[PDB]
Amino acid sequence: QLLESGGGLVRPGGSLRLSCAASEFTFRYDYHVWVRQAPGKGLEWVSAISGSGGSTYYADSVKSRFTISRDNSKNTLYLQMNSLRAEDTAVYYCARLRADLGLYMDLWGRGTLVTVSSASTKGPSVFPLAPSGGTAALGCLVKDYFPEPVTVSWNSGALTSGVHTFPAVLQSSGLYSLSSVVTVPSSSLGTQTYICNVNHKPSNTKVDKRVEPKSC
Amino acid sequence: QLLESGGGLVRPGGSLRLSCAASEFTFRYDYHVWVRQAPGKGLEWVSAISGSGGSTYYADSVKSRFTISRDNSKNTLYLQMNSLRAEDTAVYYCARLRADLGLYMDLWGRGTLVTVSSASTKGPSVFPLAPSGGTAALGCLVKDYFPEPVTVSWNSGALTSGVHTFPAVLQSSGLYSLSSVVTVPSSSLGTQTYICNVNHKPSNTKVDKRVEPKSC
Amino acid sequence: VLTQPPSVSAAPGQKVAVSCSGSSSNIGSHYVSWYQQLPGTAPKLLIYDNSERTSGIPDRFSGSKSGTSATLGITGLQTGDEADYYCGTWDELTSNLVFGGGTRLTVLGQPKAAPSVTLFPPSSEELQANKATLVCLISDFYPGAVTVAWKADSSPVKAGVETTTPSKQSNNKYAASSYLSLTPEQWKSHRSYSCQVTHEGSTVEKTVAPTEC
Amino acid sequence: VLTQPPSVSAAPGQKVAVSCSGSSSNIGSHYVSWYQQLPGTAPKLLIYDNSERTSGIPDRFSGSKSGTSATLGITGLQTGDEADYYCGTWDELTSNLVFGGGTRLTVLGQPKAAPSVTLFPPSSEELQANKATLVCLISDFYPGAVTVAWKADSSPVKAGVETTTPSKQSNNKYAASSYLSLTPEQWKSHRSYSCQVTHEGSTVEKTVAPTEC
Amino acid sequence: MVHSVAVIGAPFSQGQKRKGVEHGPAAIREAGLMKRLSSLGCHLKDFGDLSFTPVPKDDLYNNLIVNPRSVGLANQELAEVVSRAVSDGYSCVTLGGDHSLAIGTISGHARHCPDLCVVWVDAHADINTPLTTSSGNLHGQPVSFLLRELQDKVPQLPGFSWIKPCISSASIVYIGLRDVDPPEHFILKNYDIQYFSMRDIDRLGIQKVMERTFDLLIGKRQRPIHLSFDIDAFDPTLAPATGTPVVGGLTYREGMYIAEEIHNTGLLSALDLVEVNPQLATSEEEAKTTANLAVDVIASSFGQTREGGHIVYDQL
Ligand SMILES: [Mn+2]
Ligand SMILES: [Mn+2]
């Protein structure tokens with residue numbers, strides 16, 4: 001199998017270094033490449049190296065910033081990334097390259113994430129989504145948090161049935177927002193307390209928020 | 001190894017289709033059988049097929065409703081079940097069948113559950129078991145729920161020490177009931193709240209129940 | 001079609017013989033296998049051709065056939081041996097493979113803890129809805145075998161009774177339940193009801209009345 | 001550099017052909033591979049040298065090349081087949097390996113549940129802090145494809161709009177979100193705002209006003 | 001009458017541990033048999049695999065453990081299919097399960113070719129009589145129903161009253177024995193059947209062996225040749241997927257040589273390839289390599305060579 005690693009969040013202008021650990025003893029006899037996938041775009045071949053490291057080939061997209069290397073003694077391929085931009089943000093994949101009538105990549109890895117965002121670490125402003133079908137949906141808006149994730153509970157998981165938390169949007173700025181929502185019966189509003197507890201462990205930021213602005 | 005699947009709850013008159021995925025490349029050269037076990041009764045051989053599928057043999061118990069097949073290309077055995085009854089309710093097991101002085105089954109699978117019950121999906125009536133050895137046991141009766149499981153907490157898991165929930169009884173009707181019980185000291189009754197929270201996620205049914213009818 | 005007795009008993013280090021009776025058309029005429037059903041698992045082959053062990057099975061296990069019958073010897077009894085043992089062969093009258101009904105062998109390496117019994121009367125909620133259930137909860141018993149009798153005053157009741165099979169607990173002791181369904185009027189008309197639980201031949205009997213607490 | 005159309009559709013049991021167009025310097029002149037990108041996984045090789053299958057891939061898959069183009073046939077369509085399919089070869093003008101942009105094949109074995117939409121107005125808290133966000137929550141839709149239009153009264157709005165890509169839910173249906181950023185004054189000056197969601201060519205449109213509840 | 005070639009599958013066995021032998025024809029068919037033969041410029045006629053259904057109880061158990069009457073009687077149906085195939089001018093290849101099919105194929109041949117001789121390539125002599133081995137051995141016991149000097153010591157099993165001994169002790173030569181019971185050993189000696197055991201091959205050589213073999217069979221007159229090649233004759237490293245693998249056997253080189261030699265007489269009339277049992281292999285590789293070997297044997301016997309053949313007058 002092929003297994004890549006040492007992806008992570010790096011700031012523009014930043015450097016980073018991938019490894020790919022191959023299983024085959026025939027790893028040292030075989031060309032390997034690097035292909036990256038920008039988030040939900042297609043595949044772009046980035047670099048390729050020979051069994052011995054006498055020959056390296058680079059894409060115009062990544063040439064002179066990125067440097068492909070291997071250590072056959074350690075059955076590892078490397079990719080050194082310098083001068084990183086937003087547009088390098090992609091899952092990076094090692095692959096074996098072999099020939100027959102033409103060229104095909106027959107062995108691949110799971111991938112590793114490189115995020116290159118300008119945005120610095122922070123916690124979010126939490127705002128209630130008050131309620132105005134017999135049942136009602138109430139919620140909390142978790143606004144401008146960097147980076148992922150946020151971990152959210154209503155009445156510390158005691159409220160479980162009908163809780164709906166969406167996948168966050170990555171804003172143009174690089175800052176995330178997500179929406180949390182629970183469906184309840186309209187009788188229930190006054191007597192019982194509604195709080196979406198929220199956690200941004202990165203920032204060690206915890207916010208408990210009360211949802212009562214129905215005004216009716 | 002042998003590994004069976006695609007068991008599940010089917011309504012009387014219903015159909016269903018088992019798979020058995022064998023590991024051996026010698027799977028295609030060898031008879032396999034199907035043996036089922038009605039819940040806590042013995043073993044009943046149901047059907048057997050030849051290495052090639054030129055010959056099938058069936059038990060009077062399952063003949064003409066059940067059809068044994070295999071796809072050697074996919075190293076899979078199948079069992080198609082039609083016109084299913086309560087009395088077909090059993091764990092179904094593939095096995096390899098081989099010969100020597102006589103016949104023995106040398107390779108077997110983990111099993112797969114077929115429940116054939118008339119009963120439709122529903123939530124339970126919850127009723128408190130009030131208290132009347134210095135310590136007391138109080139509880140909740142979870143009555144007529146279909147199917148399994150029910151997930152139960154007292155004070156949302158905060159009450160943990162001394163909680164005892166029994167294995168449910170399958171009633172003659174096909175509908176389940178179970179009992180939940182916690183052992184506490186007699187001083188404690190008045191000051192602190194006793195609630196068995198209960199969940200029938202199938203029906204998305206959650207019931208919180210208060211236990212105070214000691215009347216003393 | 002094959003008869004083997006239902007249960008067997010011993011303490012670790014001892015030995016038994018599970019017997020399998022059949023006929024002319026099978027055992028009198030064909031070879032017998034022996035399969036061990038570890039509780040909550042698919043069975044495993046122990047012995048074919050009457051006495052032929054399979055790999056890794058120790059020589060503790062021995063099979064033997066004579067005319068119309070067969071027998072599985074097991075010596076130096078151990079924990080993790082306790083399970084269901086079935087005999088199997090081919091019957092040449094019906095043209096099938098047949099098994100015995102099974103035998104459950106329990107290895108008693110733990111003490112005869114009699115069951116703790118809690119009995120609850122019908123709830124207010126339930127009586128208000130025109131129904132009545134008595135709940136008998138049976139716990140921390142060893143070995144995992146019990147028998148239940150309900151009695152309305154002095155009269156036995158088998159109608160509206162649902163009893164679970166024993167189950168293993170956290171401590172490798174057992175827990176069971178029994179449920180008696182009544183009309184509210186049956187509940188109110190009798191002086192008392194009692195769940196009578198018998199474990200290894202000794203009885204525990206709890207009693208409830210409609211008068212509160 | 002290679003063109004393959006973006007999407008494809010069928011119900012289990014049917015068949016398609018994904019087409020790959022290139023030129024002289026690649027397909028007209030070199031061999032074409034076919035790679036299956038199972039969602040949220042690294043791709044896997046299906047076919048090299050135009051039609052050569054790899055082990056365990058069934059014969060359902062077939063590739064074919066003609067002059068400046070190539071095509072991946074897939075028959076007896078199944079669930080767990082639905083994924084992204086890319087063509088690849090070498091271009092001898094630029095001296096690299098090239099791929100197509102990809103094609104997303106969804107296998108519709110589930111019914112066309114149109115999306116449930118919940119729209120919230122800006123919170124007191126947020127307006128107090130001199131900001132305003134409208135939240136459109138879109139859920140339980142199948143297939144996993146939608147398009148969003150915000151409208152301030154009757155006028156379309158594309159400025160300050162952030163929409164997530166659809167995601168799979170617990171039930172293998174999909175959930176998406178869309179966020180409209182306003183000044184408090186833009187929010188207060190319009191009679192209403194509406195999120196218009198179109199799914200398989202049919203629209204759902206929820207509306208909010210600054211007047212409470 | 002060996003002008004073209006017939007392929008006949010005969011998946012016969014007695015069941016028990018050696019029941020994957022019935023899967024041999026498919027394994028060889030699946031080693032690309034027909035391609036080779038077609039690509040050896042042979043007009044081929046594929047007569048398919050024979051029905052093998054037990055007599056008189058075709059319930060499950062009998063299929064797993066078959067009775068002798070069932071084999072003897074499936075050989076009758078085989079002798080008939082061999083007979084007609086010879087009668088229409090074909091060389092018989094019979095892909096086998098257990099070496100017992102030799103009873104039906106030699107009986108079939110004898111019928112339209114009564115001067116035939118036999119080369120039995122095998123680690124075994126398969127020449128026990130019904131009273132010298134167990135109910136189970138009929139694969140290792142088929143030559144005492146064919147030899148005409150053994151009928152005083154050979155009883156009438158039902159299924160076997162049609163067999164009419166079609167070989168004298170001076171018409172069969174054995175190559176490759178290393179596993180011979182005392183009963184068998186005495187018979188070879190007592191009735192003056194000539195044979196070349198692995199010992200005689202260590203000593204004489206496969207070259208001199210074949211030389212001595214032909215002199216004893218076709219030395220003073222041309223006869224039609226019946227090669228009954230048993231796969232366990234090859235050393236087990238070469239042929240692992242078989243029921244009775246005995247160590248010390250033929251190299252690949254020795255085995256092709258034998259085939260090469262038989263072909264080179266141009267007298268070969270029928271060929272048996274038996275005891276190919278894929279259930280007994282350590283892997284698919286082992287099953288595949290055994291059948292690959294079995295395709296080579298046949299190929300050689302029908303004109304394959306290790307140094308070239310065929311036709312060319314090449315371009316510039
Ligand atoms: Mn042999
Ligand atoms: Mn032989």
# chains A, B, ... in the order shown; residues from 1 in each chain; ligands from 1
$ residues_around --residues "stretch 198-210 of chain E" --least-positions-apart "6" --cutoff "10 Å" --atoms "only C-alpha atoms" --output "ChimeraX atom specification"
/E:123,175-179,216,233,248-250,253-255,257-258,261-262
$ residues_near_ligand --ligand "ligand 1" --cutoff "9 Å" --atoms "only C-alpha atoms and all ligand atoms" --output "tab-separated table (two decimals) with N, CA, C and O atoms, in the first residue's frame"
chain	number	residue	atom	x	y	z
E	99	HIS	N	-7.46	-42.23	-11.88
E	99	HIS	CA	-6.83	-43.10	-12.90
E	99	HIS	C	-7.68	-44.32	-13.29
E	99	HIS	O	-7.15	-45.29	-13.86
E	121	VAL	N	2.72	-44.28	-17.59
E	121	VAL	CA	3.54	-43.28	-16.85
E	121	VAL	C	2.80	-42.92	-15.54
E	121	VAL	O	1.63	-42.54	-15.61
E	122	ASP	N	3.45	-43.08	-14.38
E	122	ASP	CA	2.79	-43.07	-13.06
E	122	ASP	C	3.80	-43.38	-11.98
E	122	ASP	O	4.70	-44.13	-12.26
E	123	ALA	N	3.63	-42.84	-10.78
E	123	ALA	CA	4.46	-43.28	-9.63
E	123	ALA	C	3.95	-44.62	-9.14
E	123	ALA	O	4.68	-45.25	-8.39
E	124	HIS	N	2.70	-44.95	-9.47
E	124	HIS	CA	1.97	-46.14	-8.95
E	124	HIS	C	1.88	-47.09	-10.13
E	124	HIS	O	2.06	-46.63	-11.26
E	125	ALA	N	1.54	-48.35	-9.89
E	125	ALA	CA	1.29	-49.36	-10.92
E	125	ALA	C	-0.20	-49.53	-11.12
E	125	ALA	O	-0.56	-50.19	-12.12
E	126	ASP	N	-0.97	-48.94	-10.21
E	126	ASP	CA	-2.45	-48.96	-10.19
E	126	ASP	C	-2.83	-50.38	-10.58
E	126	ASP	O	-3.63	-50.54	-11.50
E	139	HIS	N	-9.02	-46.45	-8.30
E	139	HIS	CA	-8.14	-45.62	-9.11
E	139	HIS	C	-6.78	-46.29	-9.07
E	139	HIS	O	-6.02	-46.08	-10.00
E	140	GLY	N	-6.46	-46.98	-7.98
E	140	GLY	CA	-5.13	-47.57	-7.86
E	140	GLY	C	-5.29	-49.06	-8.00
E	140	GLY	O	-4.78	-49.84	-7.20
E	177	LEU	N	7.89	-45.78	-11.63
E	177	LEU	CA	7.35	-46.26	-10.31
E	177	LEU	C	8.29	-45.96	-9.10
E	177	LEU	O	9.50	-46.03	-9.23
E	179	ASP	N	6.28	-46.04	-5.67
E	179	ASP	CA	5.32	-46.35	-4.59
E	179	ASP	C	4.48	-47.58	-4.98
E	179	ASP	O	3.46	-47.44	-5.69
E	229	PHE	N	-0.86	-41.41	-19.16
E	229	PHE	CA	0.00	-40.56	-18.30
E	229	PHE	C	-0.76	-40.13	-17.03
E	229	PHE	O	-1.81	-39.50	-17.14
E	230	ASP	N	-0.22	-40.46	-15.86
E	230	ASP	CA	-0.76	-40.11	-14.53
E	230	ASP	C	0.10	-38.97	-14.02
E	230	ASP	O	1.31	-39.13	-14.07
E	231	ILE	N	-0.51	-37.92	-13.50
E	231	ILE	CA	0.18	-36.62	-13.21
E	231	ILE	C	1.08	-36.80	-11.99
E	231	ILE	O	2.01	-36.03	-11.85
E	232	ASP	N	0.78	-37.73	-11.08
E	232	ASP	CA	1.63	-37.88	-9.87
E	232	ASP	C	2.95	-38.56	-10.29
E	232	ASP	O	3.70	-38.93	-9.38
E	233	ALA	N	3.25	-38.79	-11.58
E	233	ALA	CA	4.56	-39.35	-12.02
E	233	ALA	C	5.64	-38.28	-11.92
E	233	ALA	O	6.80	-38.60	-11.64
E	242	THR	N	-2.33	-32.97	-6.45
E	242	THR	CA	-2.69	-34.39	-6.83
E	242	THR	C	-2.89	-35.15	-5.52
E	242	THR	O	-2.35	-34.71	-4.51
E	243	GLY	N	-3.64	-36.24	-5.54
E	243	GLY	CA	-4.06	-36.99	-4.34
E	243	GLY	C	-2.93	-37.76	-3.67
E	243	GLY	O	-2.92	-37.76	-2.48
E	244	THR	N	-2.03	-38.45	-4.39
E	244	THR	CA	-0.97	-39.30	-3.78
E	244	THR	C	0.37	-38.78	-4.29
E	244	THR	O	0.87	-39.27	-5.31
E	245	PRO	N	0.90	-37.65	-3.76
E	245	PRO	CA	2.11	-37.08	-4.29
E	245	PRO	C	3.18	-37.85	-3.54
E	245	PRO	O	3.16	-37.90	-2.35
E	246	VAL	N	4.08	-38.43	-4.33
E	246	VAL	CA	5.21	-39.26	-3.89
E	246	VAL	C	6.44	-38.48	-4.36
E	246	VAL	O	6.38	-37.99	-5.52
E	274	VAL	N	-4.39	-38.06	-16.02
E	274	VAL	CA	-5.28	-38.20	-14.84
E	274	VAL	C	-4.62	-37.80	-13.51
E	274	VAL	O	-3.42	-37.71	-13.45
E	275	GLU	N	-5.46	-37.74	-12.48
E	275	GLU	CA	-5.19	-37.47	-11.04
E	275	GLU	C	-4.92	-35.97	-10.87
E	275	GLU	O	-4.30	-35.64	-9.89
$ residues_around --residues "stretch 289-292 of chain E" --least-positions-apart "4" --cutoff "6 Å" --atoms "only C-alpha atoms" --output "list in words"
residues 28, 31, 239 and 285 of chain E
$ write_last_selection --atoms "C-alpha atoms" --output "JSON list (two decimals), in the first residue's frame"
[["chain", "number", "residue", "atom", "x", "y", "z"],
["E", 28, "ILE", "CA", -6.89, -28.38, -17.84],
["E", 31, "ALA", "CA", -4.94, -24.10, -18.76],
["E", 239, "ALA", "CA", 2.89, -31.34, -9.81],
["E", 285, "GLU", "CA", -0.77, -20.77, -8.47]]
$ atom_distance --atom1 "atom CA of residue A:54" --atom2 "atom CA of residue A:111"
25.5 Å
$ residues_around --residues "residue A:79" --least-positions-apart "5" --cutoff "6 Å" --atoms "only C-alpha atoms" --output "MDAnalysis selection string"
chainID A and resid 17:18 67:68
$ closest_atom_pairs --of "chain C" --to "chain E" --cutoff "8 Å" --atoms "only C-alpha atoms" --output "tab-separated table"
residue	atom	partner	partner_atom	distance
C:90	CA	E:61	CA	7.6
C:95	CA	E:59	CA	6.5
C:96	CA	E:60	CA	7.9
$ write_last_selection --atoms "N, CA and C atoms" --output "mmCIF file, in the first residue's frame"
data_model
loop_
_atom_site.group_PDB
_atom_site.id
_atom_site.type_symbol
_atom_site.label_atom_id
_atom_site.label_comp_id
_atom_site.auth_asym_id
_atom_site.auth_seq_id
_atom_site.Cartn_x
_atom_site.Cartn_y
_atom_site.Cartn_z
ATOM 1 N N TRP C 90 -25.607 -39.009 8.697
ATOM 2 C CA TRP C 90 -26.552 -39.108 7.548
ATOM 3 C C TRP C 90 -27.498 -40.262 7.807
ATOM 4 N N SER C 95 -32.825 -39.558 3.450
ATOM 5 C CA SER C 95 -31.804 -38.974 2.522
ATOM 6 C C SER C 95 -31.506 -37.525 2.960
ATOM 7 N N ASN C 96 -31.090 -37.366 4.210
ATOM 8 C CA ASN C 96 -30.588 -36.076 4.727
ATOM 9 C C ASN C 96 -29.501 -36.296 5.773
#
$ residues_around --residues "residue E:98" --least-positions-apart "3" --cutoff "8 Å" --atoms "only C-alpha atoms" --output "ChimeraX atom specification"
/E:11-13,21-22,101,139,274-276
$ calpha_fit_and_write --fixed "chain D" --moving "chain C" --output "short mmCIF file (atom, residue, chain, number, x, y, z; two decimals) with C-alpha atoms, in the first residue's frame"
data_model
loop_
_atom_site.label_atom_id
_atom_site.label_comp_id
_atom_site.auth_asym_id
_atom_site.auth_seq_id
_atom_site.Cartn_x
_atom_site.Cartn_y
_atom_site.Cartn_z
CA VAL C 1 -6.45 19.53 -21.50
CA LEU C 2 -8.73 16.46 -22.00
CA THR C 3 -12.52 17.15 -22.13
CA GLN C 4 -15.00 14.77 -20.55
CA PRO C 5 -18.60 15.91 -19.75
CA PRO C 6 -19.18 16.75 -16.01
CA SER C 7 -22.09 14.43 -14.90
CA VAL C 8 -24.07 11.21 -15.68
CA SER C 9 -27.28 9.52 -14.44
CA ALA C 10 -29.12 6.09 -14.32
CA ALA C 11 -31.07 3.65 -12.03
CA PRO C 12 -29.35 0.36 -10.94
CA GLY C 13 -29.21 -2.28 -13.78
CA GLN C 14 -28.76 0.20 -16.71
CA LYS C 15 -25.59 1.30 -18.61
CA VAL C 16 -23.61 4.49 -19.73
CA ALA C 17 -20.57 5.63 -21.84
CA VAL C 18 -18.30 8.46 -20.32
CA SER C 19 -16.50 10.13 -23.34
CA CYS C 20 -12.93 11.62 -23.27
CA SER C 21 -11.92 14.05 -26.06
CA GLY C 22 -8.27 15.18 -26.53
CA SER C 23 -5.98 15.75 -29.57
CA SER C 24 -3.13 14.68 -31.87
CA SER C 25 -0.44 15.10 -29.11
CA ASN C 26 -2.20 12.78 -26.55
CA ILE C 27 -5.16 10.47 -27.42
CA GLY C 28 -4.45 10.65 -31.16
CA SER C 29 -0.94 9.42 -30.28
CA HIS C 30 -0.93 7.82 -26.73
CA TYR C 31 -2.79 5.28 -24.50
CA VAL C 32 -5.59 6.21 -22.07
CA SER C 33 -6.22 5.02 -18.50
CA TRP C 34 -9.48 5.24 -16.53
CA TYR C 35 -9.52 5.94 -12.74
CA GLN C 36 -12.54 5.69 -10.36
CA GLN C 37 -12.67 8.31 -7.58
CA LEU C 38 -15.01 6.81 -4.92
CA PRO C 39 -16.29 9.87 -3.00
CA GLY C 40 -13.93 10.81 -0.10
CA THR C 41 -11.23 8.28 -1.24
CA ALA C 42 -8.05 8.37 -3.43
CA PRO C 43 -8.76 7.10 -6.96
CA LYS C 44 -8.22 3.47 -8.16
CA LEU C 45 -6.94 2.27 -11.60
CA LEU C 46 -9.66 0.51 -13.73
CA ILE C 47 -8.18 0.39 -17.27
CA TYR C 48 -4.81 0.99 -19.01
CA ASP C 49 -3.78 0.68 -22.67
CA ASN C 50 -7.30 1.91 -23.64
CA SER C 51 -9.19 -1.34 -22.70
CA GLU C 52 -6.96 -3.49 -20.42
CA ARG C 53 -8.92 -4.24 -17.19
CA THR C 54 -7.06 -4.69 -13.88
CA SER C 55 -7.73 -7.73 -11.55
CA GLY C 56 -11.14 -8.12 -9.81
CA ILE C 57 -12.75 -5.26 -11.80
CA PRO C 58 -15.68 -7.08 -13.55
CA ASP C 59 -16.13 -7.12 -17.40
CA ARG C 60 -19.03 -4.62 -16.85
CA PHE C 61 -16.21 -2.10 -17.48
CA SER C 62 -14.91 -1.72 -21.07
CA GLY C 63 -12.70 1.07 -22.57
CA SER C 64 -12.23 2.00 -26.25
CA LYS C 65 -10.14 4.58 -28.17
CA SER C 66 -10.63 5.99 -31.71
CA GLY C 67 -8.27 8.63 -33.22
CA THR C 68 -8.63 11.76 -30.96
CA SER C 69 -11.19 10.30 -28.46
CA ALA C 70 -11.89 7.61 -25.77
CA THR C 71 -14.95 6.19 -23.92
CA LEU C 72 -15.59 4.11 -20.76
CA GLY C 73 -18.64 1.79 -21.06
CA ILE C 74 -20.20 0.60 -17.72
CA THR C 75 -23.18 -1.88 -17.78
CA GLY C 76 -25.47 -3.51 -15.17
CA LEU C 77 -25.23 -0.31 -13.05
CA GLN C 78 -25.00 -0.89 -9.29
CA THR C 79 -24.91 1.12 -6.06
CA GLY C 80 -21.34 1.67 -4.83
CA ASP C 81 -20.46 2.33 -8.51
CA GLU C 82 -21.56 6.01 -8.28
CA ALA C 83 -18.32 8.14 -8.23
CA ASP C 84 -15.98 10.48 -10.25
CA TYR C 85 -14.37 9.01 -13.44
CA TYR C 86 -11.25 10.62 -15.01
CA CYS C 87 -9.41 9.76 -18.26
CA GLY C 88 -5.59 10.04 -18.37
CA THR C 89 -2.79 9.82 -20.95
CA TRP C 90 0.48 11.60 -22.00
CA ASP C 91 0.55 14.77 -24.18
CA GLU C 92 3.71 14.89 -26.37
CA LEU C 93 3.52 18.68 -27.02
CA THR C 94 3.83 19.84 -23.34
CA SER C 95 5.71 16.66 -22.08
CA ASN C 96 3.37 15.75 -19.18
CA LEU C 97 0.66 13.36 -18.06
CA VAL C 98 -2.81 15.06 -18.48
CA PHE C 99 -6.26 14.10 -17.05
CA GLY C 100 -9.83 15.08 -17.98
CA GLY C 101 -11.67 17.35 -15.51
CA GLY C 102 -13.69 14.34 -14.29
CA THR C 103 -17.32 13.08 -14.62
CA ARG C 104 -19.62 12.51 -11.54
CA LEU C 105 -21.87 9.43 -12.11
CA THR C 106 -24.79 9.26 -9.59
CA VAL C 107 -26.83 5.98 -9.52
CA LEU C 108 -30.45 6.95 -8.58
CA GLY C 109 -31.75 3.94 -6.53
CA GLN C 110 -33.56 6.35 -4.04
CA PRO C 111 -36.64 8.66 -4.58
CA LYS C 112 -36.50 12.40 -5.63
CA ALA C 113 -37.19 13.83 -2.08
CA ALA C 114 -37.27 17.61 -2.70
CA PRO C 115 -35.48 19.64 0.01
CA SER C 116 -37.05 20.77 3.37
CA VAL C 117 -36.04 24.48 3.78
CA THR C 118 -35.84 26.52 7.07
CA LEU C 119 -35.00 30.29 6.74
CA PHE C 120 -34.09 32.43 9.86
CA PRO C 121 -33.93 36.27 10.04
CA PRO C 122 -30.96 38.18 11.67
CA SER C 123 -30.72 37.75 15.53
CA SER C 124 -31.22 40.65 18.03
CA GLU C 125 -27.63 39.95 19.29
CA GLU C 126 -26.14 40.34 15.76
CA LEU C 127 -28.21 43.53 14.85
CA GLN C 128 -27.06 45.05 18.24
CA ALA C 129 -23.46 44.46 17.06
CA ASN C 130 -24.26 46.30 13.74
CA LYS C 131 -24.36 43.07 11.53
CA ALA C 132 -27.06 40.90 9.79
CA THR C 133 -26.99 37.26 8.47
CA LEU C 134 -29.98 35.36 6.87
CA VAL C 135 -29.61 31.49 7.28
CA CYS C 136 -31.21 29.05 4.71
CA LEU C 137 -31.00 25.36 5.90
CA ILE C 138 -31.75 22.73 3.16
CA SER C 139 -32.27 19.02 4.18
CA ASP C 140 -33.49 15.46 3.28
CA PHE C 141 -33.06 16.03 -0.53
CA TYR C 142 -32.31 13.34 -3.15
CA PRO C 143 -30.49 13.34 -5.53
CA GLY C 144 -27.56 15.45 -4.04
CA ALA C 145 -27.81 18.48 -6.50
CA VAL C 146 -29.46 22.00 -5.78
CA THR C 147 -29.18 25.73 -6.99
CA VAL C 148 -29.92 28.85 -4.77
CA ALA C 149 -31.27 32.41 -5.56
CA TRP C 150 -31.69 35.11 -2.83
CA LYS C 151 -34.21 37.95 -3.59
CA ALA C 152 -34.57 41.29 -1.68
CA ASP C 153 -38.31 41.87 -2.37
CA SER C 154 -38.39 41.03 -6.18
CA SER C 155 -34.65 41.81 -7.00
CA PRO C 156 -31.99 39.02 -7.28
CA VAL C 157 -28.92 39.18 -4.84
CA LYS C 158 -25.53 37.37 -5.54
CA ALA C 159 -23.33 39.73 -3.35
CA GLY C 160 -22.57 38.50 0.26
CA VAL C 161 -23.84 34.93 -0.57
CA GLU C 162 -21.96 31.85 0.75
CA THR C 163 -23.49 28.39 -0.23
CA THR C 164 -22.07 24.97 0.88
CA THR C 165 -21.88 21.97 -1.49
CA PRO C 166 -24.53 19.25 -0.74
CA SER C 167 -23.48 16.61 1.89
CA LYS C 168 -24.83 13.13 2.71
CA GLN C 169 -27.20 12.77 5.75
CA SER C 170 -27.77 9.81 8.22
CA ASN C 171 -30.42 8.41 5.75
CA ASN C 172 -28.18 8.74 2.55
CA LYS C 173 -30.22 11.93 1.64
CA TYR C 174 -28.40 15.32 1.40
CA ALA C 175 -28.17 18.60 3.44
CA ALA C 176 -26.87 22.08 2.30
CA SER C 177 -26.72 25.66 3.77
CA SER C 178 -26.67 29.24 2.24
CA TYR C 179 -25.80 32.49 4.13
CA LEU C 180 -26.78 36.10 3.03
CA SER C 181 -24.75 38.95 4.72
CA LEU C 182 -26.60 42.36 4.92
CA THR C 183 -26.11 45.69 6.78
CA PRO C 184 -28.87 46.09 9.43
CA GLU C 185 -30.23 49.02 7.26
CA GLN C 186 -30.55 46.77 4.10
CA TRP C 187 -32.46 44.20 6.34
CA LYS C 188 -34.82 46.93 7.81
CA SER C 189 -35.39 48.82 4.47
CA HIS C 190 -36.86 45.82 2.46
CA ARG C 191 -40.40 44.42 2.93
CA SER C 192 -39.01 40.81 2.80
CA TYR C 193 -36.05 38.54 1.78
CA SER C 194 -36.43 35.03 0.19
CA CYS C 195 -34.02 32.03 -0.35
CA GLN C 196 -35.10 30.29 -3.63
CA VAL C 197 -33.77 26.65 -3.84
CA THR C 198 -34.13 24.68 -7.14
CA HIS C 199 -33.82 20.82 -7.02
CA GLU C 200 -34.04 18.72 -10.23
CA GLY C 201 -35.63 21.83 -11.97
CA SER C 202 -38.38 22.47 -9.23
CA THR C 203 -38.17 25.51 -6.80
CA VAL C 204 -38.84 25.81 -2.95
CA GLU C 205 -38.85 29.47 -1.64
CA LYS C 206 -39.07 30.52 2.07
CA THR C 207 -39.55 34.26 3.08
CA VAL C 208 -38.70 36.37 6.23
CA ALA C 209 -39.53 39.98 7.31
CA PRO C 210 -37.99 42.27 10.01
CA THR C 211 -41.43 42.28 11.82
CA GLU C 212 -41.26 39.59 14.62
CA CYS C 213 -42.92 36.13 14.71
#
$ closest_residue --among "E:300, E:138, E:197, E:240" --to "ligand 2" --atoms "only C-alpha atoms and all ligand atoms"
E:138
$ residues_around --residues "residue B:134" --least-positions-apart "4" --cutoff "12 Å" --atoms "only C-alpha atoms" --output "ChimeraX atom specification"
/B:183-188
